[PDB]
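Report on the structure given below.
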Amino acid sequence: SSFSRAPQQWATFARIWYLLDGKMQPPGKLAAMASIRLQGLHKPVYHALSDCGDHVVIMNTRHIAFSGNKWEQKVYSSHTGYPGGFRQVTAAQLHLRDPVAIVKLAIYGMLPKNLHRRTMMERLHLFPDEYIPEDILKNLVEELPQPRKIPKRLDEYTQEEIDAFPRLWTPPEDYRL
Amino acid sequence: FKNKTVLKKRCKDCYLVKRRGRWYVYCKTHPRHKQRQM
Amino acid sequence: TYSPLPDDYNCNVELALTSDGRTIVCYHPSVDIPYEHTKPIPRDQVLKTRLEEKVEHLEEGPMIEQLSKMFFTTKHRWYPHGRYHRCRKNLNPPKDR
Amino acid sequence: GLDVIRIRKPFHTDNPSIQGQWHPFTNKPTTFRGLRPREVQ
Amino acid sequence: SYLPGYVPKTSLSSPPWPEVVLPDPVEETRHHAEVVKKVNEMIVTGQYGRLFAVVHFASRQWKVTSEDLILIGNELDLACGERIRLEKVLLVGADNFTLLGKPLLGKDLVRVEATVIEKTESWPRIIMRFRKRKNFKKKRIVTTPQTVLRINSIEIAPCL
Amino acid sequence: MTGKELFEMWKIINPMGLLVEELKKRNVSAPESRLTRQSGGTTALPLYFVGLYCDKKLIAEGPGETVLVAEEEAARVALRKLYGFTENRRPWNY
Amino acid sequence: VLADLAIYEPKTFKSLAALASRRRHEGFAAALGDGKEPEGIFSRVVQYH
RNA sequence: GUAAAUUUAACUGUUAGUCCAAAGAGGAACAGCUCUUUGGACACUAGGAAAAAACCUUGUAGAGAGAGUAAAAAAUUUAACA
Ligand SMILES: [Mg+2]
Ligand SMILES: [Zn+2]
């Protein structure tokens with residue numbers, strides 16, 4: 001590369017501001033890829049003492065999707081330590097109270113349990129809607145691809161694929177439907 | 001309602017419906033036959 | 001028409017096997033960034049233009065959260081350390097290349 | 001004449017990279033006009 | 001007319017991975033001949049500099065270059081400052097090209113030259129055993145022999 | 001001499017001036033600086049990869065924390081490439 | 001040395017990754033063919049004796 | 001197939017025992033219960049079953065910034081009847 005020593009070190013250990021989108025994505029897969037980028041495990045120069053984390057900006061956090069019935073089944077439990085501090089709220093209640101708490105807690109759980117976790121959490125940025133601050137937008141590099149594939153509802157199918165799909169059965173002519 | 005683990009019809013008018021994730025025996029003519037699965 | 005990997009980020013990887021089949025030859029010339037893909041470089045009437053040297057002395061707290069907000073860290077990195085650790089630190093470390 | 005002490009890293013090269021040491025923008029494609037993600041231009 | 005085995009396009013009617021077609025063998029062998037040849041005249045002309053190698057030596061694999069230092073953890077039965085040839089070259093390469101052995105490259109293709117420059121011993125290593133409530137305590141000191149080699153030159157020859 | 005850089009051994013002041021002098025003395029159009037890559041920018045820890053081009057063809061690239069120092073590093077890289085003092089040059093034959 | 005080539009020599013590592021991906025594609029092609037097609041250029045085994 | 005065995009000479013120390021699998025006895029076909037027998041392991045190492053005595057993998061000792069492995073990650077979602 002023929003760089004000088006200080007610019008070469010700066011280029012090797014510089015930080016990157018990855019972008020990630022919510023909008024019908026599973027919070028666990030978002031948390032998995034965000035936690036990899038926050039740990040810096042995507043870099044070949046990774047080491048736990050090298051401070052090689054990167055910034056992750058997740059948007060559309062309000063529009064996450066849960067597989068199955070997890071919106072009612074999944075329970076987040078906390079304890080304000082006064083006698084009776086035990087509170088249990090469903091994922092739906094937590095989402096309607098705080099729109100980013102579910103993805104924040106998922107990334108916090110997936111991050112390694114050491115003293116660097118709060119620093120990686122500080123480097124994580126979350127936003128509930130399409131609005132992002134201008135400085136972060138000017139920082140952003142590489143919107144990462146979404147894990148899910150947006151299973152594409154019926155009404156926005158094009159007529160070409162609708163009549164390309166063959167009809168499976170012949171209805172009787174005397175049926176009310 | 002009476003709480004049961006096995007559900008039985010005691011009338012011809014008793015009918016089984018699955019409501020709120022649980023099976024129920026409802027009878028309109030003999031309301032004492034109202035049963036709830038546990 | 002077949003490439004094992006996309007050919008537009010690092011190098012133009014072309015694989016080959018020798019005639020004996022005993023060794024593999026890889027040819028990888030660097031890919032240069034296009035000019036079209038780049039971006040241009042961004043760009044008192046009476047008195048002196050006196051130099052604006054104000055240095056407000058923030059107290060230890062608000063100083064530390066300003067530094068934490070600036071560098072995306074926590075306060076514990078900025079809080080000081082004792083004489084035991086300060087003298088335990090190696091001030092003449094070994095240095096390779 | 002060197003000290004018989006612990007030797008870190010039992011190899012010493014001064015030119016460790018010939019193809020350019022990895023930086024995050026290695027293995028990263030370029031974009032049209034260098035546009036950032038969700039840039040309105 | 002639908003083939004007897006046609007499946008309508010659903011989400012999992014077809015495998016998720018894209019269909020990959022490999023090149024036909026004859027044109028691919030011709031392309032291999034072109035690439036191997038052109039790399040060979042790059043070697044002939046000398047359009048390279050600062051070669052590296054990956055060399056098997058003393059049960060280890062070392063990524064060495066010219067003017068390099070390596071530390072072998074045993075005596076080598078050689079006088080100090082003595083020129084030897086490392087032969088088991090798993091890999092050699094430079095900028096714009098590299099060569100891969102299966103598993104070893106040809107000795108007519110690549111040489112590695114090294115120099116015994118030091119025969120020393122390691123710093124003392126503690127081997128200590130302790131088991132509690134059983135009066136078990138053993139201490140041993142070792143100094144493993146060591147040999148510092150300097151990799152002088154890596155040379156390649158046109159043989160492709 | 002073995003393991004040191006060209007501008008570690010010979011200190012220079014204006015690599016851009018030296019580079020434009022060499023390009024005009026070997027009849028090459030003056031280099032244009034462009035922002036090839038950029039990360040951060042509003043933070044205290046930016047990364048700028050500035051590329052030097054002639055006739056819309058890349059001759060150098062350099063990293064830096066500011067655009068100016070990235071441009072000077074690109075000028076130094078161009079000088080090294082034009083002189084043959086690159087890090088991947090053929091080592092000395094003894 | 002694989003991690004060493006990953007850190008310092010990205011073009012050689014990309015060549016190695018392309019070789020591995022092509023070998024995987026050749027293995028997939030052989031598995032789907034299931035017959036006596038040519039074994040593949042990079043799937044040939046150098047024998048020692 | 002292997003290399004130990006018996007005898008002679010000289011003595012110390014162990015002779016307050018735990019789980020697991022199996023055949024039983026006592027007790028409640030209770031017990032991390034008690035009592036025999038066969039066989040493991042533990043009272044010696046290391047890896048695993050979350051931490052871990054006793055379960056599984058594995059033993060003979062050092063250095064290595066090499067490699068192949070052993071055991072090794074729980075699956076399940078139910079009631080219409082003329
Ligand atoms: Mg007992
Ligand atoms: Zn009834």
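All residue names refer to the structure tokens as shown: chains lettered A, B, ... in order, residues numbered from 1 in each chain, ligands numbered from 1 in order.
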| task | Enumerate as a count of residues only the residues within 12 Å of ligand 1, counting only C-alpha atoms (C1' of nucleotides) and all ligand atoms. | result | 9
| request: Pick out the residues sitting within 7 Å of residue 22 (chain D), and hand them over as a ChimeraX atom specification; count only C-alpha atoms (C1' of nucleotides), and ignore anything fewer than 6 positions along from it in its own chain. | output: /A:12 /G:7-8,10
| query | Residues at most 9 Å from region 131-136 of chain A, counting only C-alpha atoms (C1' of nucleotides), excluding those fewer than 6 positions away in the same chain, as an MDAnalysis selection string? | reply | (chainID A and resid 17 57 59:60) or (chainID F and resid 40:43)
Residue selection dump (C-alpha atoms) as a PDB file, in the first residue's frame:
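Okay, result.pdb is ready:
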```
ATOM      1  CA  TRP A  17     -20.843   3.589  10.510  1.00  0.00           C
ATOM      2  CA  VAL A  57     -27.339   2.706  13.131  1.00  0.00           C
ATOM      3  CA  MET A  59     -33.779   2.497  11.929  1.00  0.00           C
ATOM      4  CA  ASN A  60     -37.461   1.537  11.624  1.00  0.00           C
TER       5      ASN A  60
ATOM      6  CA  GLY F  40     -17.339   9.384   9.740  1.00  0.00           C
ATOM      7  CA  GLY F  41     -16.837  13.024   8.858  1.00  0.00           C
ATOM      8  CA  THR F  42     -18.858  14.632  11.635  1.00  0.00           C
ATOM      9  CA  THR F  43     -17.186  12.686  14.456  1.00  0.00           C
TER      10      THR F  43
END
```
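Within 6 Å of chain A, chain D contributes the residues residues 20, 23, 36 and 37 of chain D, using only C-alpha atoms.
Contacts from chain C to chain A at a cut-off of 9 Å (only C-alpha atoms) map to residues 72, 73 and 74 of chain C.
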Wanna dump the chain B-ligand 2 contacts at 6 Å for me, each residue with its shortest atom pair and the distance in Å to one decimal, counting only C-alpha atoms and all ligand atoms, ordered by chain and number, as a tab-separated table?
```
residue	atom	partner	partner_atom_place_in_ligand_line	distance
B:10	CA	ligand 2	1 (Zn)	5.1
B:11	CA	ligand 2	1 (Zn)	3.9
B:13	CA	ligand 2	1 (Zn)	5.5
B:14	CA	ligand 2	1 (Zn)	4.4
B:27	CA	ligand 2	1 (Zn)	4.4
B:30	CA	ligand 2	1 (Zn)	4.5
B:33	CA	ligand 2	1 (Zn)	4.8
```
| query | as number ranges by chain, which residues of region 21-130 of chain E does DSSP assign to alpha helix (DSSP H)? | reply | E: 25-45
Can I get the residues of chain E within 8 Å of chain C, each with the closest pair of atoms and their distance in Å to one decimal, using only C-alpha atoms, sorted chain first then ascending number, as a Markdown table?
```
| residue | atom | partner | partner_atom | distance |
| --- | --- | --- | --- | --- |
| E:21 | CA | C:2 | CA | 7.2 |
| E:22 | CA | C:2 | CA | 6.6 |
| E:23 | CA | C:2 | CA | 6.7 |
| E:31 | CA | C:16 | CA | 7.7 |
| E:32 | CA | C:16 | CA | 4.5 |
| E:33 | CA | C:18 | CA | 7.2 |
| E:35 | CA | C:16 | CA | 6.3 |
| E:36 | CA | C:16 | CA | 6.4 |
| E:39 | CA | C:27 | CA | 7.3 |
| E:95 | CA | C:29 | CA | 7.7 |
| E:96 | CA | C:29 | CA | 4.6 |
| E:97 | CA | C:27 | CA | 4.4 |
| E:98 | CA | C:26 | CA | 5.3 |
| E:99 | CA | C:25 | CA | 4.8 |
| E:100 | CA | C:24 | CA | 4.8 |
| E:101 | CA | C:23 | CA | 4.8 |
| E:102 | CA | C:23 | CA | 5.8 |
| E:105 | CA | C:23 | CA | 6.9 |
| E:160 | CA | C:18 | CA | 6.6 |
```
| request: In Å, rounded to a single decimal, give me how far CA of residue 89 (chain E) is from CA of residue 40 (chain G). | output: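 So the answer is 25.6 Å.
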Report as a compact mmCIF listing (two decimals) with N, CA and C atoms, in the first residue's frame: the residues of region 40-99 of chain E with a DSSP assignment of strand (DSSP E), based on the backbone of this structure.
```txt
# COMPACT_ATOMS: atom_id res chain seq x y z
N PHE E 52 6.85 -13.29 -1.19
CA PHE E 52 6.64 -13.97 0.08
C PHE E 52 6.46 -15.46 -0.19
N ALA E 53 6.67 -16.25 0.86
CA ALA E 53 6.42 -17.68 0.80
C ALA E 53 5.78 -18.13 2.11
N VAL E 54 5.04 -19.22 2.02
CA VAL E 54 4.61 -19.99 3.18
C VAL E 54 5.35 -21.32 3.11
N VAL E 55 6.17 -21.57 4.12
CA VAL E 55 7.15 -22.65 4.13
C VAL E 55 6.89 -23.54 5.33
N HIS E 56 6.84 -24.85 5.11
CA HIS E 56 6.78 -25.82 6.20
C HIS E 56 8.19 -26.07 6.72
N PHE E 57 8.38 -25.88 8.02
CA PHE E 57 9.69 -26.11 8.64
C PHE E 57 9.50 -26.40 10.12
N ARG E 60 6.09 -26.58 11.69
CA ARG E 60 5.36 -25.32 11.68
C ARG E 60 5.24 -24.81 10.25
N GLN E 61 4.31 -23.89 10.04
CA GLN E 61 4.15 -23.20 8.77
C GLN E 61 4.44 -21.72 9.00
N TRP E 62 5.44 -21.20 8.30
CA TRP E 62 5.89 -19.82 8.48
C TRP E 62 5.60 -19.03 7.21
N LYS E 63 4.97 -17.87 7.37
CA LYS E 63 4.84 -16.92 6.26
C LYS E 63 6.05 -15.99 6.32
N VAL E 64 7.03 -16.27 5.48
CA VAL E 64 8.30 -15.56 5.49
C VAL E 64 8.43 -14.73 4.23
N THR E 65 9.33 -13.76 4.29
CA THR E 65 9.72 -12.94 3.15
C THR E 65 11.24 -12.82 3.15
N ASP E 68 14.15 -11.71 6.58
CA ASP E 68 13.24 -12.06 7.66
C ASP E 68 13.97 -12.78 8.78
N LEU E 69 13.32 -12.86 9.94
CA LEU E 69 13.83 -13.60 11.09
C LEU E 69 12.78 -14.59 11.57
N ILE E 70 13.20 -15.83 11.84
CA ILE E 70 12.35 -16.82 12.47
C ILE E 70 13.12 -17.50 13.60
N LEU E 71 12.37 -17.98 14.59
CA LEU E 71 12.91 -18.62 15.78
C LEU E 71 12.40 -20.05 15.84
N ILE E 72 13.30 -21.01 15.66
CA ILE E 72 12.98 -22.43 15.69
C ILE E 72 13.26 -22.95 17.10
N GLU E 82 25.30 -20.02 8.70
CA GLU E 82 25.43 -21.03 7.66
C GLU E 82 24.22 -21.01 6.73
N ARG E 83 24.49 -21.02 5.42
CA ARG E 83 23.45 -20.92 4.40
C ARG E 83 22.83 -22.28 4.13
N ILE E 84 21.50 -22.36 4.23
CA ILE E 84 20.74 -23.56 3.92
C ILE E 84 19.59 -23.18 2.99
N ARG E 85 18.95 -24.20 2.43
CA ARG E 85 17.82 -24.01 1.53
C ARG E 85 16.58 -24.64 2.15
N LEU E 86 15.60 -23.80 2.47
CA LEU E 86 14.26 -24.26 2.76
C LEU E 86 13.56 -24.62 1.45
N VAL E 89 8.07 -25.58 0.32
CA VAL E 89 7.40 -24.30 0.13
C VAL E 89 5.96 -24.61 -0.24
N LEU E 90 5.06 -24.47 0.73
CA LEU E 90 3.64 -24.65 0.47
C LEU E 90 3.11 -23.60 -0.49
N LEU E 91 3.57 -22.36 -0.35
CA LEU E 91 3.00 -21.27 -1.13
C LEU E 91 4.12 -20.30 -1.48
N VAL E 92 4.08 -19.74 -2.68
CA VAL E 92 4.92 -18.60 -3.02
C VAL E 92 4.05 -17.60 -3.77
N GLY E 93 4.38 -16.32 -3.66
CA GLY E 93 3.63 -15.32 -4.38
C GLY E 93 4.25 -13.94 -4.25
N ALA E 94 3.63 -13.00 -4.96
CA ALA E 94 4.04 -11.60 -4.92
C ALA E 94 2.81 -10.75 -5.18
N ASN E 96 0.22 -9.15 -7.65
CA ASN E 96 -0.49 -9.46 -8.88
C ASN E 96 -0.53 -10.96 -9.22
N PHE E 97 0.21 -11.82 -8.52
CA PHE E 97 0.13 -13.25 -8.80
C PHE E 97 0.63 -14.03 -7.59
N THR E 98 0.16 -15.27 -7.47
CA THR E 98 0.66 -16.19 -6.47
C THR E 98 0.55 -17.61 -7.00
N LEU E 99 1.35 -18.51 -6.42
CA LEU E 99 1.40 -19.90 -6.83
C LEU E 99 1.08 -20.80 -5.64
```
| message | Just want the 7 Å neighbourhood of residue 33 (chain F), counted on only C-alpha atoms (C1' of nucleotides), with same-chain residues fewer than 6 positions away dropped. Output as a PyMOL selection string. | response | (chain C and resi 41) or (chain F and resi 50-53+71)
Atoms kept (N, CA and C atoms) for selection, written as a compact mmCIF listing (two decimals), in the first residue's frame:
```txt
# COMPACT_ATOMS: atom_id res chain seq x y z
N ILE C 41 -13.31 17.01 -3.77
CA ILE C 41 -12.87 17.47 -2.44
C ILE C 41 -13.79 18.59 -1.97
N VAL F 50 -8.30 9.74 0.07
CA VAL F 50 -8.21 10.73 -1.00
C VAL F 50 -7.35 10.14 -2.11
N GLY F 51 -7.87 10.15 -3.33
CA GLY F 51 -7.17 9.64 -4.49
C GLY F 51 -6.71 10.77 -5.40
N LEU F 52 -5.48 10.66 -5.86
CA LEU F 52 -4.91 11.57 -6.84
C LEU F 52 -5.01 10.92 -8.21
N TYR F 53 -5.60 11.65 -9.16
CA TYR F 53 -5.84 11.22 -10.52
C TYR F 53 -5.10 12.11 -11.51
N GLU F 71 -4.74 14.02 1.64
CA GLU F 71 -4.21 14.48 0.36
C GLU F 71 -2.68 14.49 0.36
```
Show me a table, sorted first by chain and then by increasing residue number, of the residues of chain G having an atom at most 12 Å from chain H, each with its shortest atom pair and the distance in Å to one decimal, counting only C-alpha atoms (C1' of nucleotides) and written as CSV.
```
residue,atom,partner,partner_atom,distance
G:1,CA,H:66,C1',10.4
G:3,CA,H:65,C1',11.8
G:4,CA,H:65,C1',11.4
```
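Using only C-alpha atoms (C1' of nucleotides), the protein and nucleic acid residues lying no more than 9 Å from residue 5 (chain D), apart from those fewer than 6 places from it along its own chain, are residues 122, 123 and 124 of chain E.
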Export N, CA, C and O atoms of the chosen residues as a compact mmCIF listing (two decimals), in the first residue's frame?
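File produced: selection_29.txt:
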```
# COMPACT_ATOMS: atom_id res chain seq x y z
N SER E 122 16.16 -20.70 25.38
CA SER E 122 15.04 -19.90 25.82
C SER E 122 15.27 -19.38 27.24
O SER E 122 16.16 -19.84 27.96
N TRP E 123 14.46 -18.40 27.62
CA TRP E 123 14.40 -17.99 29.01
C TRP E 123 13.85 -19.14 29.85
O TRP E 123 13.11 -19.98 29.34
N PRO E 124 14.25 -19.24 31.12
CA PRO E 124 13.83 -20.39 31.94
C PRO E 124 12.31 -20.46 32.12
O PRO E 124 11.66 -19.48 32.47
```
| Neighbours of residue 36 (chain A) within 12 Å (only C-alpha atoms (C1' of nucleotides); same-chain residues fewer than 2 positions away dropped), as a VMD selection string? | chain A and resid 18 29 to 34 38 to 43 46 52 to 56 107 to 108 110 to 112 120 124
Okay, now the selection with C-alpha atoms, as a PDB file, in the first residue's frame?
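Generated output (again-v4.pdb):
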```pdb
ATOM      1  CA  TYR A  18     -22.978   0.707   9.207  1.00  0.00           C
ATOM      2  CA  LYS A  29     -31.411 -11.496  13.369  1.00  0.00           C
ATOM      3  CA  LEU A  30     -30.998  -7.710  13.490  1.00  0.00           C
ATOM      4  CA  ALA A  31     -29.400  -8.124  16.922  1.00  0.00           C
ATOM      5  CA  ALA A  32     -27.119 -10.914  15.700  1.00  0.00           C
ATOM      6  CA  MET A  33     -25.648  -8.977  12.792  1.00  0.00           C
ATOM      7  CA  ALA A  34     -25.560  -5.731  14.810  1.00  0.00           C
ATOM      8  CA  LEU A  38     -20.418  -3.881  17.321  1.00  0.00           C
ATOM      9  CA  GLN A  39     -17.916  -6.449  18.587  1.00  0.00           C
ATOM     10  CA  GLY A  40     -15.867  -5.982  15.442  1.00  0.00           C
ATOM     11  CA  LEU A  41     -15.902  -9.732  14.799  1.00  0.00           C
ATOM     12  CA  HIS A  42     -16.396  -8.962  11.088  1.00  0.00           C
ATOM     13  CA  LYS A  43     -12.808  -7.632  10.879  1.00  0.00           C
ATOM     14  CA  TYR A  46     -10.266  -8.467  15.481  1.00  0.00           C
ATOM     15  CA  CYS A  52     -12.152  -2.622  16.943  1.00  0.00           C
ATOM     16  CA  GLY A  53     -15.882  -2.021  17.267  1.00  0.00           C
ATOM     17  CA  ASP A  54     -17.918  -0.194  14.647  1.00  0.00           C
ATOM     18  CA  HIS A  55     -21.002   2.003  14.844  1.00  0.00           C
ATOM     19  CA  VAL A  56     -24.363   0.464  13.922  1.00  0.00           C
ATOM     20  CA  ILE A 107     -28.457  -6.656  21.205  1.00  0.00           C
ATOM     21  CA  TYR A 108     -27.557  -6.203  24.893  1.00  0.00           C
ATOM     22  CA  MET A 110     -26.241 -11.016  22.514  1.00  0.00           C
ATOM     23  CA  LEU A 111     -23.223  -8.836  23.365  1.00  0.00           C
ATOM     24  CA  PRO A 112     -20.514 -10.513  25.496  1.00  0.00           C
ATOM     25  CA  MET A 120     -20.472  -1.190  22.407  1.00  0.00           C
ATOM     26  CA  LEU A 124     -25.007   1.397  18.945  1.00  0.00           C
TER      27      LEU A 124
END
```
| field | Straight-line distance linking CA of residue 50 (chain E) with CA of residue 56 (chain F), stated in Å to one decimal | value | 29.2 Å
Within 10 Å of region 1-8 of chain B, counting only C-alpha atoms (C1' of nucleotides), which residues show up once you throw out same-chain ones fewer than 4 positions away? Write them as a PDB file with N, CA and C atoms (P, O5', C5', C4', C3', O3' and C1' of nucleotides), in the first residue's frame, please.
```pdb
ATOM      1  N   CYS B  14     -76.095 -30.120  24.086  1.00  0.00           N
ATOM      2  CA  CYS B  14     -74.742 -29.719  24.443  1.00  0.00           C
ATOM      3  C   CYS B  14     -73.857 -29.707  23.205  1.00  0.00           C
ATOM      4  N   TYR B  15     -73.030 -28.670  23.079  1.00  0.00           N
ATOM      5  CA  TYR B  15     -72.108 -28.569  21.958  1.00  0.00           C
ATOM      6  C   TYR B  15     -70.737 -28.135  22.452  1.00  0.00           C
ATOM      7  N   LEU B  16     -69.697 -28.626  21.780  1.00  0.00           N
ATOM      8  CA  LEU B  16     -68.321 -28.283  22.111  1.00  0.00           C
ATOM      9  C   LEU B  16     -67.829 -27.171  21.195  1.00  0.00           C
ATOM     10  N   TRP B  23     -61.220 -25.799  25.351  1.00  0.00           N
ATOM     11  CA  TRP B  23     -62.454 -26.439  24.926  1.00  0.00           C
ATOM     12  C   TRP B  23     -63.548 -26.238  25.969  1.00  0.00           C
ATOM     13  N   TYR B  24     -64.768 -26.025  25.482  1.00  0.00           N
ATOM     14  CA  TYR B  24     -65.909 -25.716  26.325  1.00  0.00           C
ATOM     15  C   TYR B  24     -67.103 -26.538  25.872  1.00  0.00           C
ATOM     16  N   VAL B  25     -67.892 -26.993  26.838  1.00  0.00           N
ATOM     17  CA  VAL B  25     -69.194 -27.598  26.587  1.00  0.00           C
ATOM     18  C   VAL B  25     -70.236 -26.570  26.991  1.00  0.00           C
ATOM     19  N   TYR B  26     -71.041 -26.136  26.025  1.00  0.00           N
ATOM     20  CA  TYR B  26     -72.112 -25.174  26.241  1.00  0.00           C
ATOM     21  C   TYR B  26     -73.447 -25.863  26.004  1.00  0.00           C
ATOM     22  N   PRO B  31     -78.202 -25.254  31.505  1.00  0.00           N
ATOM     23  CA  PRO B  31     -76.969 -24.490  31.764  1.00  0.00           C
ATOM     24  C   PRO B  31     -76.064 -25.102  32.822  1.00  0.00           C
ATOM     25  N   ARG B  32     -76.559 -26.049  33.623  1.00  0.00           N
ATOM     26  CA  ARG B  32     -75.714 -26.780  34.562  1.00  0.00           C
ATOM     27  C   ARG B  32     -74.695 -27.673  33.867  1.00  0.00           C
ATOM     28  N   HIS B  33     -74.865 -27.938  32.574  1.00  0.00           N
ATOM     29  CA  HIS B  33     -73.938 -28.748  31.800  1.00  0.00           C
ATOM     30  C   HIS B  33     -72.761 -27.945  31.263  1.00  0.00           C
ATOM     31  N   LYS B  34     -72.660 -26.665  31.623  1.00  0.00           N
ATOM     32  CA  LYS B  34     -71.552 -25.829  31.177  1.00  0.00           C
ATOM     33  C   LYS B  34     -70.239 -26.325  31.767  1.00  0.00           C
ATOM     34  N   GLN B  35     -69.308 -26.690  30.894  1.00  0.00           N
ATOM     35  CA  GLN B  35     -68.048 -27.275  31.325  1.00  0.00           C
ATOM     36  C   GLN B  35     -66.884 -26.583  30.635  1.00  0.00           C
ATOM     37  N   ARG B  36     -65.776 -26.444  31.361  1.00  0.00           N
ATOM     38  CA  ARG B  36     -64.568 -25.790  30.869  1.00  0.00           C
ATOM     39  C   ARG B  36     -63.401 -26.754  31.023  1.00  0.00           C
ATOM     40  N   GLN B  37     -62.652 -26.967  29.944  1.00  0.00           N
ATOM     41  CA  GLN B  37     -61.473 -27.816  30.004  1.00  0.00           C
ATOM     42  C   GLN B  37     -60.370 -27.103  30.779  1.00  0.00           C
ATOM     43  N   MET B  38     -59.557 -27.875  31.495  1.00  0.00           N
ATOM     44  CA  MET B  38     -58.400 -27.299  32.182  1.00  0.00           C
ATOM     45  C   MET B  38     -57.093 -27.649  31.483  1.00  0.00           C
TER      46      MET B  38
ATOM     47  P     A H  79     -57.931 -30.456  18.985  1.00  0.00           P
ATOM     48  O5'   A H  79     -59.201 -31.345  19.348  1.00  0.00           O
ATOM     49  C5'   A H  79     -59.388 -32.622  18.747  1.00  0.00           C
ATOM     50  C4'   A H  79     -60.676 -33.278  19.185  1.00  0.00           C
ATOM     51  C3'   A H  79     -61.926 -32.405  19.092  1.00  0.00           C
ATOM     52  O3'   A H  79     -63.032 -33.188  18.649  1.00  0.00           O
ATOM     53  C1'   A H  79     -61.632 -33.153  21.328  1.00  0.00           C
TER      54        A H  79
END
```
| said: Taking only C-alpha atoms into account, find every residue of chain D that has an atom no more than 12 Å from chain E, and write it out as a ChimeraX atom specification. | reply: /D:1-20
Next, the residues of the selection above should be written as a CSV table (one decimal), in the first residue's frame with C-alpha atoms.
```csv
chain,number,residue,atom,x,y,z
D,1,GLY,CA,24.5,-10.2,22.9
D,2,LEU,CA,20.8,-9.9,23.4
D,3,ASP,CA,19.1,-10.7,26.7
D,4,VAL,CA,17.9,-14.2,27.4
D,5,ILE,CA,14.4,-13.1,28.4
D,6,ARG,CA,10.9,-13.8,27.1
D,7,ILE,CA,10.7,-13.2,23.4
D,8,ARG,CA,7.2,-12.3,22.1
D,9,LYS,CA,6.2,-13.3,18.6
D,10,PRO,CA,8.8,-15.9,17.5
D,11,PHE,CA,9.3,-14.2,14.0
D,12,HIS,CA,10.3,-10.7,13.1
D,13,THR,CA,9.6,-9.3,9.7
D,14,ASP,CA,9.9,-5.6,8.7
D,15,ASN,CA,7.8,-5.9,5.6
D,16,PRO,CA,4.8,-7.9,6.8
D,17,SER,CA,2.5,-7.0,3.9
D,18,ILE,CA,3.2,-6.8,0.2
D,19,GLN,CA,-0.3,-6.6,-1.2
D,20,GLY,CA,-1.4,-3.9,1.2
```
Counting only C-alpha atoms, which residues of chain C fall within 8 Å of chain F, and what is the closest atom pair for each with its distance in Å at one decimal, ordered by chain and rising number, as JSON lines?
```
{"residue": "C:32", "atom": "CA", "partner": "F:58", "partner_atom": "CA", "distance": 6.8}
{"residue": "C:33", "atom": "CA", "partner": "F:36", "partner_atom": "CA", "distance": 7.1}
{"residue": "C:34", "atom": "CA", "partner": "F:58", "partner_atom": "CA", "distance": 7.7}
{"residue": "C:35", "atom": "CA", "partner": "F:56", "partner_atom": "CA", "distance": 5.8}
{"residue": "C:37", "atom": "CA", "partner": "F:36", "partner_atom": "CA", "distance": 7.5}
{"residue": "C:38", "atom": "CA", "partner": "F:36", "partner_atom": "CA", "distance": 4.7}
{"residue": "C:39", "atom": "CA", "partner": "F:35", "partner_atom": "CA", "distance": 5.0}
{"residue": "C:40", "atom": "CA", "partner": "F:34", "partner_atom": "CA", "distance": 4.6}
{"residue": "C:41", "atom": "CA", "partner": "F:34", "partner_atom": "CA", "distance": 5.2}
{"residue": "C:70", "atom": "CA", "partner": "F:44", "partner_atom": "CA", "distance": 6.7}
{"residue": "C:71", "atom": "CA", "partner": "F:44", "partner_atom": "CA", "distance": 6.8}
```
